[PDB]
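Just one chain is shown here, as structure tokens, and it is the form deposited in one PDB entry.
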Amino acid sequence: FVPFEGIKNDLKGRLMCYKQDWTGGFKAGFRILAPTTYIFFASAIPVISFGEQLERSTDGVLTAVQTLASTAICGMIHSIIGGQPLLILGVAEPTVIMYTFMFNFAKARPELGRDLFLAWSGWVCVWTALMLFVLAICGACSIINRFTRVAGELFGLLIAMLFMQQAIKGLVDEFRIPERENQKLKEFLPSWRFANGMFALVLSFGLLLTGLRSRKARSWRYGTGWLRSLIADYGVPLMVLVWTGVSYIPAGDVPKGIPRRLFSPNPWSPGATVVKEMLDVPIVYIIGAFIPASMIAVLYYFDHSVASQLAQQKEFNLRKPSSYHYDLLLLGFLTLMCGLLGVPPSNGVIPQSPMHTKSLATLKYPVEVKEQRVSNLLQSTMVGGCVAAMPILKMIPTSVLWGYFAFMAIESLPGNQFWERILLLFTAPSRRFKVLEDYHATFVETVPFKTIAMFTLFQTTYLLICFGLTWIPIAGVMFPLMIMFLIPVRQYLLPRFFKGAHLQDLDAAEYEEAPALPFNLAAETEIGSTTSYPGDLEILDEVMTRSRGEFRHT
């Protein structure tokens, strides 16, 4: 923990491969565009959704323009002078939540008001930048190995709950009159409002289901290989386009605002730095900005490091070193810059960074990764240029973005062991052999069910407490502290209540999986020892055709 040692080591390591980082990207030629486009589409749409969320939550002060600008600028700067170019930067949901809390606080205090919200946010960002500078200089990133699975999975599930909550919020509001819209317009009559709500439901559910189906296109037996890969890679943008086109079908027989589209304004229109107002903020609020700044700093310290770790998995066989400390220092600088510019800060995002690394990976028949700084720069520049295309983006209905919120919420589940343990907890005792009949985690076999249930119950109680805390108007800005507390809890308290190898299996740094077992071997296990024989109708369901009731002979 010697000051500046980590930064110096990271700079020394990354300075011997800079020219190579650029030349290798240039040597790839036009073939570097496919990963670039894939990651650009993976990054832009969630940023636009977060921008719309902020527009609804900040009374129009912050919109998709600011989120896109922050993402683009931070990504380009990180690509040019950052340590780990594989890391993808963008505006994340926790930042949106914290800024919503800050806006709610500012609006209720006349001394600040809506006019000084951005200035107070800039002071908050200054404090956060100082905190990140201190953390990077003191080598606090040397203990990221303690960011274990429990905290990461709990945070992921919490963000999934927030995503689904926002989706429900938006769909409900689609049935209502917007707060800052002319109430006398024809589109806001009860009949047209009801029609807009139902159309929003249709579009959102179509987007969600079609994207979920498209995610597994490469396993299909239909079409060409290139078409299957294209669908599996770009189903989200493709489905967004398809459902926008669907939304435009009745355009001629309905008012202008049916269905509702993005509220974010076009910056090109004449109607449309905050350091000048930062001076007008009272000193008391400048000092008090330390409070949310610490929470934002904790959030960034966790998320940046976790995303970089995931992007730098040993299975990728990366030949270049890591830059955790210098990356955190640069994140502090970027947060300061974004706070001064009046845009929300950006940080490492998941699963965008590992997806980028995967897109840059090939198998030599054994993983080889094309690591360079060109793809990140190009995708950030495209995200920035999307601002110039705001008129085109404004054609997207908001219901599609709410459906995308639900899509991310559901897509956070698959690889999450906490979710799987919850499902096992709510699984019937007599049907756990079904769990053993497919791919399953190793702790299912190597740990008793009672210990798993107890661990899952503790984790679920913690998660629900944090989610409820998020609902408190002011104290809800403190949930990063609860997330951080899981480190010392796991390190000290859990070993008292849990026996070693059990914690190691339930809190393993590696995702361990086991193959499906035969029915005979699934009953000798303790967990599957209570198997129950199938009923007559259950048996007949499988041996008879549903179309005509024909007996199947095998």
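Only residues modelled in both forms are compared. Here, rigid core means the biggest group of C-alpha atoms that superpose within 1.5 Å across both forms. Just count from 1 along the sequence shown to find any residue number.
- Across the other entries compared, none leave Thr456 without coordinates where the residues on each side are present, so it is far from a third.
- Among the other PDB entries of this protein that were compared and that flank it with modelled residues, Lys184 is modelled in all, so it is never left out in a third of them.
- The entry shows a gap from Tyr365 to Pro366, with 10 or more unmodelled residues of the deposited sequence in between.
- According to the record, no deposited residue between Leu279 and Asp280 is left without atomic coordinates.
Not on display, but discussed next: the form deposited in another entry.
- Of the residues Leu299, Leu330, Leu86, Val150, just one CA atom moves 2 angstroms or more between the shown form and the other one under rigid-core superposition; it belongs to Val150.
- Once both forms are overlaid on the rigid core, the distance between the two CA positions of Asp233 between the shown form and the other one is 2 angstroms or more.
- Positional change of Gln183 between the shown form and the other one reaches 2 Å or more at the C-alpha, relative to the superposed core.
- In the core-superposed comparison between the shown form and the other one, the C-alpha atom of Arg114 has shifted by less than 2 angstroms.
- Between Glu315 and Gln417, the Cα spacing is smaller in the other entry than in the shown form, differing by no less than 3 Å.
- The distance between the CA atoms of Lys169 and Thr58 is at least 3 Å longer in the other entry than in the form shown here.
- When the two forms are overlaid on the core, consecutive residue runs of 3+ whose CA positions all differ by 2 Å or more between the shown form and the other one map to 145-263, 362-365, 394-425.
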